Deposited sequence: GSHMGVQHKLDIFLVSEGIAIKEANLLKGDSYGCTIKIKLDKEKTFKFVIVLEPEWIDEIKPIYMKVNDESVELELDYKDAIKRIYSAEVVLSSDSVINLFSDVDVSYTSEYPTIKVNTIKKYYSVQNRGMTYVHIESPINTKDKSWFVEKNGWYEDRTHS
């Protein structure tokens, strides 16, 4: 009746590493984010797709991205009544910290998941699940790749 609170749904995909970060959403609370720590010995482009299915309230907090504490613009690829899909590509050349946040309150951010991706050795882990039941799959499942195969038609 009242104990449910705000339950946002968040999934974060490293499409360029074939890593899905499934259900990084706080189990309860009007906030979303994730700290991804990257072990990297050479130059590579990382492509991020973030899928937000916000709780049915009518004031959705925007999501932001920092890379090594530098703000990076998220493209909004898709928005409807259900979900927002954002994307970014960035180049990194050494051990990096990706921060997705909606908030700066330590009382929110300390509850976001902390994820480790090791490109060198092809290792990942949940260092800290925060206040989430986050989990990971590699490769990404085709039935999660939601962003047509029947021949063309003459539109004048």
Completion exercise
Per the record, deposited positions without any C-alpha are 148-150, 160-161
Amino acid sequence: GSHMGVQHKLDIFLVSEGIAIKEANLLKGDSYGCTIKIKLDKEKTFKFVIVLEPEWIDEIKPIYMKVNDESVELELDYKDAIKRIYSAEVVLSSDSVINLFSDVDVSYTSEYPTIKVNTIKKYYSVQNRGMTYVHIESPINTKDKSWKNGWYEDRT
From here on, numbers count along this sequence of modelled residues.
Handout entry: 19-27 or 138-146, whichever carries the higher mean Cα B-factor
Key = 138-146
Exercise for the section: May I ask you to compare 123-131 and 46-54 by their mean CA B factor in the entry and name the higher one? Expected result: 123-131
Exercise for the section: Go through 87, 102, 93, 99 one by one and give the residue whose Cα B-factor in the PDB entry is largest. Expected result: 93
Handout entry: Lowest, middle or highest third - CA B-factor, residue 38
Key = middle
Handout entry: Relative C-alpha B-factor of residue 65, binned into the chain's lowest, middle or highest third
Key = lowest
